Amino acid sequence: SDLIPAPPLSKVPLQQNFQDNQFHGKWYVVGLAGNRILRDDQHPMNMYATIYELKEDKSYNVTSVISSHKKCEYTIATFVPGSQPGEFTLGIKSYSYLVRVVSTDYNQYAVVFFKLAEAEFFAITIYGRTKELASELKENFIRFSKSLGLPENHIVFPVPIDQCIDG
């Protein structure tokens, strides 16, 4: 009932001149924020990875690699190009899961916005090509998250782990 509402899209910047063939590859989830995310230091979240492999039709095969129970879990989703370069939708379509790459330098970090309208939520991740990022980037990430209505207890920085995410 106090669930923070998804911000209007006009508040979520789009990385201009988005280069799909430079955003591809592996990204580590260094920071994660969302209206369903609740920080709990007694139960830190383990870092996981997401791999974006550009397909021939300009869509992405998106693989998430997560560690749980001493095993490595792999899940896949297809991100289909949206209304603008840098925007994507989850996969059918009956005439609402939205993905927007907000900002990235392609070889260090990437901030990505996710929105699922109807189960509902919005989240923001800051990816890193490695498991760590400069404090300034993370602080900028916290500010962007707040600016979207997410207070600090709705932001977590997954703990870097070595099992399953280094491929």
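One rule holds for the numbers: they count along the sequence shown, beginning at 1.
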* Structure fact -> Looking at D57 and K58, the deposited sequence has unmodelled residues in between totalling none
* Structure fact -> Entry B factor averaged over C-alpha atoms, 35-43 against 131-139: higher for 35-43
* **Given 21-29 and 8-16, the range whose Cα B-factors average higher in the PDB entry** => 8-16
* To do: Please pick out which of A49, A117, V111, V62 has the largest Cα B-factor as recorded in the entry.
  => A117
* Grab the CA temperature factor for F79 from the record and place it in the lowest, middle or highest third of its chain. => middle
* Asked: What third of its chain, lowest, middle or highest, does the C-alpha temperature factor of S96 fall into?
  -> highest
